[PDB]
Amino acid sequence: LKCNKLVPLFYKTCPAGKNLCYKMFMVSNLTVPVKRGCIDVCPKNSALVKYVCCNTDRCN
């Protein structure tokens, strides 16, 4: 359950309250991640700002 906040900040372990990791960003240069965080709802996406949900180490 060790995730990171943003990119230039990273985070650590956010156990309790949350349960999975979640990244949110959009197209810019080569499919690059801009937002992350540990939460419990990462459903739906879009075409400009897509949200992904991780749940295994390197991401939560």
# chains A, B, ... in the order shown; residues from 1 in each chain; ligands from 1

call {"tool": "residues_around", "arguments": {"residues": "range 12-26 of chain A", "least_positions_apart": "3", "cutoff": "6 Å", "atoms": "only C-alpha atoms", "output": "list in words"}}
result
residues 1, 2, 3, 4, 33, 34, 35, 36, 37, 38, 39, 40, 48, 49, 50, 51, 52, 53, 54, 55, 59 and 60 of chain A

call {"tool": "write_last_selection", "arguments": {"atoms": "N, CA, C and O atoms", "output": "PDB file, in the first residue's frame"}}
result
ATOM      1  N   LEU A   1       0.857  -1.218   0.000  1.00  0.00           N
ATOM      2  CA  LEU A   1       0.000   0.000   0.000  1.00  0.00           C
ATOM      3  C   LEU A   1       0.885   1.257   0.000  1.00  0.00           C
ATOM      4  O   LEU A   1       0.539   2.269   0.577  1.00  0.00           O
ATOM      5  N   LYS A   2       2.026   1.204  -0.643  1.00  0.00           N
ATOM      6  CA  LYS A   2       2.929   2.396  -0.678  1.00  0.00           C
ATOM      7  C   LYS A   2       2.752   3.142  -2.015  1.00  0.00           C
ATOM      8  O   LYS A   2       3.263   2.725  -3.036  1.00  0.00           O
ATOM      9  N   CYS A   3       2.030   4.237  -2.020  1.00  0.00           N
ATOM     10  CA  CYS A   3       1.822   4.995  -3.297  1.00  0.00           C
ATOM     11  C   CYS A   3       2.618   6.309  -3.263  1.00  0.00           C
ATOM     12  O   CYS A   3       3.344   6.574  -2.330  1.00  0.00           O
ATOM     13  N   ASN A   4       2.481   7.138  -4.270  1.00  0.00           N
ATOM     14  CA  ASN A   4       3.225   8.438  -4.276  1.00  0.00           C
ATOM     15  C   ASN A   4       2.259   9.576  -4.606  1.00  0.00           C
ATOM     16  O   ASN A   4       1.301   9.396  -5.333  1.00  0.00           O
ATOM     17  N   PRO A  33       1.892  10.323 -16.690  1.00  0.00           N
ATOM     18  CA  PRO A  33       1.078  10.414 -15.464  1.00  0.00           C
ATOM     19  C   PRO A  33       1.336  11.752 -14.756  1.00  0.00           C
ATOM     20  O   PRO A  33       2.462  12.192 -14.637  1.00  0.00           O
ATOM     21  N   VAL A  34       0.303  12.413 -14.303  1.00  0.00           N
ATOM     22  CA  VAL A  34       0.499  13.732 -13.627  1.00  0.00           C
ATOM     23  C   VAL A  34      -0.125  13.713 -12.234  1.00  0.00           C
ATOM     24  O   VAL A  34       0.278  14.450 -11.356  1.00  0.00           O
ATOM     25  N   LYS A  35      -1.123  12.903 -12.025  1.00  0.00           N
ATOM     26  CA  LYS A  35      -1.777  12.881 -10.685  1.00  0.00           C
ATOM     27  C   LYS A  35      -1.889  11.450 -10.150  1.00  0.00           C
ATOM     28  O   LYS A  35      -2.190  10.527 -10.872  1.00  0.00           O
ATOM     29  N   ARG A  36      -1.683  11.274  -8.871  1.00  0.00           N
ATOM     30  CA  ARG A  36      -1.812   9.920  -8.261  1.00  0.00           C
ATOM     31  C   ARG A  36      -2.390  10.083  -6.860  1.00  0.00           C
ATOM     32  O   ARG A  36      -2.643  11.183  -6.414  1.00  0.00           O
ATOM     33  N   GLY A  37      -2.594   9.004  -6.161  1.00  0.00           N
ATOM     34  CA  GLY A  37      -3.151   9.105  -4.783  1.00  0.00           C
ATOM     35  C   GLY A  37      -3.824   7.787  -4.413  1.00  0.00           C
ATOM     36  O   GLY A  37      -4.193   7.008  -5.266  1.00  0.00           O
ATOM     37  N   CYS A  38      -4.000   7.535  -3.148  1.00  0.00           N
ATOM     38  CA  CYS A  38      -4.666   6.273  -2.726  1.00  0.00           C
ATOM     39  C   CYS A  38      -6.129   6.573  -2.406  1.00  0.00           C
ATOM     40  O   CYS A  38      -6.436   7.412  -1.582  1.00  0.00           O
ATOM     41  N   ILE A  39      -7.033   5.905  -3.065  1.00  0.00           N
ATOM     42  CA  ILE A  39      -8.481   6.152  -2.822  1.00  0.00           C
ATOM     43  C   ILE A  39      -9.239   4.828  -2.966  1.00  0.00           C
ATOM     44  O   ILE A  39      -8.648   3.767  -2.950  1.00  0.00           O
ATOM     45  N   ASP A  40     -10.539   4.869  -3.105  1.00  0.00           N
ATOM     46  CA  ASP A  40     -11.301   3.593  -3.244  1.00  0.00           C
ATOM     47  C   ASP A  40     -12.251   3.662  -4.450  1.00  0.00           C
ATOM     48  O   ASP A  40     -12.998   2.740  -4.708  1.00  0.00           O
ATOM     49  N   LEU A  48      -9.626  13.105 -22.467  1.00  0.00           N
ATOM     50  CA  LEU A  48      -8.561  14.115 -22.216  1.00  0.00           C
ATOM     51  C   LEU A  48      -7.925  13.818 -20.856  1.00  0.00           C
ATOM     52  O   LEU A  48      -6.722  13.691 -20.732  1.00  0.00           O
ATOM     53  N   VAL A  49      -8.733  13.687 -19.839  1.00  0.00           N
ATOM     54  CA  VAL A  49      -8.198  13.376 -18.484  1.00  0.00           C
ATOM     55  C   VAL A  49      -8.664  11.975 -18.085  1.00  0.00           C
ATOM     56  O   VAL A  49      -9.791  11.781 -17.670  1.00  0.00           O
ATOM     57  N   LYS A  50      -7.816  10.995 -18.224  1.00  0.00           N
ATOM     58  CA  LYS A  50      -8.222   9.605 -17.868  1.00  0.00           C
ATOM     59  C   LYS A  50      -7.761   9.268 -16.446  1.00  0.00           C
ATOM     60  O   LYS A  50      -6.709   9.690 -16.005  1.00  0.00           O
ATOM     61  N   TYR A  51      -8.541   8.502 -15.727  1.00  0.00           N
ATOM     62  CA  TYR A  51      -8.147   8.130 -14.341  1.00  0.00           C
ATOM     63  C   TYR A  51      -7.848   6.625 -14.286  1.00  0.00           C
ATOM     64  O   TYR A  51      -8.640   5.811 -14.717  1.00  0.00           O
ATOM     65  N   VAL A  52      -6.712   6.249 -13.763  1.00  0.00           N
ATOM     66  CA  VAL A  52      -6.365   4.801 -13.679  1.00  0.00           C
ATOM     67  C   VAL A  52      -6.320   4.380 -12.206  1.00  0.00           C
ATOM     68  O   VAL A  52      -6.094   5.188 -11.328  1.00  0.00           O
ATOM     69  N   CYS A  53      -6.544   3.126 -11.919  1.00  0.00           N
ATOM     70  CA  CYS A  53      -6.527   2.676 -10.494  1.00  0.00           C
ATOM     71  C   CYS A  53      -5.596   1.471 -10.331  1.00  0.00           C
ATOM     72  O   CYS A  53      -5.834   0.412 -10.877  1.00  0.00           O
ATOM     73  N   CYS A  54      -4.545   1.622  -9.571  1.00  0.00           N
ATOM     74  CA  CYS A  54      -3.608   0.482  -9.360  1.00  0.00           C
ATOM     75  C   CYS A  54      -3.956  -0.207  -8.040  1.00  0.00           C
ATOM     76  O   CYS A  54      -4.676   0.332  -7.224  1.00  0.00           O
ATOM     77  N   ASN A  55      -3.465  -1.396  -7.820  1.00  0.00           N
ATOM     78  CA  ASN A  55      -3.793  -2.100  -6.549  1.00  0.00           C
ATOM     79  C   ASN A  55      -2.757  -3.195  -6.271  1.00  0.00           C
ATOM     80  O   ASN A  55      -3.095  -4.286  -5.851  1.00  0.00           O
ATOM     81  N   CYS A  59       2.138   0.795  -6.471  1.00  0.00           N
ATOM     82  CA  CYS A  59       0.998   1.745  -6.539  1.00  0.00           C
ATOM     83  C   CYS A  59      -0.030   1.406  -5.459  1.00  0.00           C
ATOM     84  O   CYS A  59      -1.109   0.928  -5.741  1.00  0.00           O
ATOM     85  N   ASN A  60       0.301   1.659  -4.221  1.00  0.00           N
ATOM     86  CA  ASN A  60      -0.651   1.362  -3.115  1.00  0.00           C
ATOM     87  C   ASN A  60      -0.087   0.238  -2.244  1.00  0.00           C
ATOM     88  O   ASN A  60       0.913   0.472  -1.586  1.00  0.00           O
TER      89      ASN A  60
END

call {"tool": "select_by_dssp", "arguments": {"residues": "chain A", "states": "strand (DSSP E or B)", "output": "number ranges by chain"}}
result
A: 20-26, 35, 38-39, 49-54

call {"tool": "write_last_selection", "arguments": {"atoms": "N, CA and C atoms", "output": "mmCIF file, in the first residue's frame"}}
result
data_model
loop_
_atom_site.group_PDB
_atom_site.id
_atom_site.type_symbol
_atom_site.label_atom_id
_atom_site.label_comp_id
_atom_site.auth_asym_id
_atom_site.auth_seq_id
_atom_site.Cartn_x
_atom_site.Cartn_y
_atom_site.Cartn_z
ATOM 1 N N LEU A 20 -6.817 1.366 -2.585
ATOM 2 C CA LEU A 20 -6.088 1.177 -3.877
ATOM 3 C C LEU A 20 -5.346 2.454 -4.269
ATOM 4 N N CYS A 21 -4.610 2.396 -5.344
ATOM 5 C CA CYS A 21 -3.877 3.593 -5.828
ATOM 6 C C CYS A 21 -4.683 4.184 -6.986
ATOM 7 N N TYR A 22 -4.432 5.407 -7.366
ATOM 8 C CA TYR A 22 -5.233 5.998 -8.477
ATOM 9 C C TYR A 22 -4.468 7.150 -9.133
ATOM 10 N N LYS A 23 -4.254 7.060 -10.423
ATOM 11 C CA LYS A 23 -3.518 8.137 -11.152
ATOM 12 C C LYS A 23 -4.483 8.876 -12.086
ATOM 13 N N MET A 24 -4.358 10.169 -12.198
ATOM 14 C CA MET A 24 -5.261 10.927 -13.108
ATOM 15 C C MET A 24 -4.433 11.928 -13.917
ATOM 16 N N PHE A 25 -4.515 11.873 -15.218
ATOM 17 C CA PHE A 25 -3.736 12.832 -16.053
ATOM 18 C C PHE A 25 -4.345 12.897 -17.455
ATOM 19 N N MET A 26 -3.640 13.465 -18.396
ATOM 20 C CA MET A 26 -4.189 13.556 -19.780
ATOM 21 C C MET A 26 -3.046 13.488 -20.798
ATOM 22 N N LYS A 35 -1.123 12.903 -12.025
ATOM 23 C CA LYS A 35 -1.777 12.881 -10.685
ATOM 24 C C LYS A 35 -1.889 11.450 -10.150
ATOM 25 N N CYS A 38 -4.000 7.535 -3.148
ATOM 26 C CA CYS A 38 -4.666 6.273 -2.726
ATOM 27 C C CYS A 38 -6.129 6.573 -2.406
ATOM 28 N N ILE A 39 -7.033 5.905 -3.065
ATOM 29 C CA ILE A 39 -8.481 6.152 -2.822
ATOM 30 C C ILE A 39 -9.239 4.828 -2.966
ATOM 31 N N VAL A 49 -8.733 13.687 -19.839
ATOM 32 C CA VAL A 49 -8.198 13.376 -18.484
ATOM 33 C C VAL A 49 -8.664 11.975 -18.085
ATOM 34 N N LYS A 50 -7.816 10.995 -18.224
ATOM 35 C CA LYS A 50 -8.222 9.605 -17.868
ATOM 36 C C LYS A 50 -7.761 9.268 -16.446
ATOM 37 N N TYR A 51 -8.541 8.502 -15.727
ATOM 38 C CA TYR A 51 -8.147 8.130 -14.341
ATOM 39 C C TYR A 51 -7.848 6.625 -14.286
ATOM 40 N N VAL A 52 -6.712 6.249 -13.763
ATOM 41 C CA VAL A 52 -6.365 4.801 -13.679
ATOM 42 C C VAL A 52 -6.320 4.380 -12.206
ATOM 43 N N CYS A 53 -6.544 3.126 -11.919
ATOM 44 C CA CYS A 53 -6.527 2.676 -10.494
ATOM 45 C C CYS A 53 -5.596 1.471 -10.331
ATOM 46 N N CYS A 54 -4.545 1.622 -9.571
ATOM 47 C CA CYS A 54 -3.608 0.482 -9.360
ATOM 48 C C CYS A 54 -3.956 -0.207 -8.040
#

call {"tool": "atom_distance", "arguments": {"atom1": "CA of residue 32 in chain A", "atom2": "CA of residue 11 in chain A"}}
result
18.1 Å
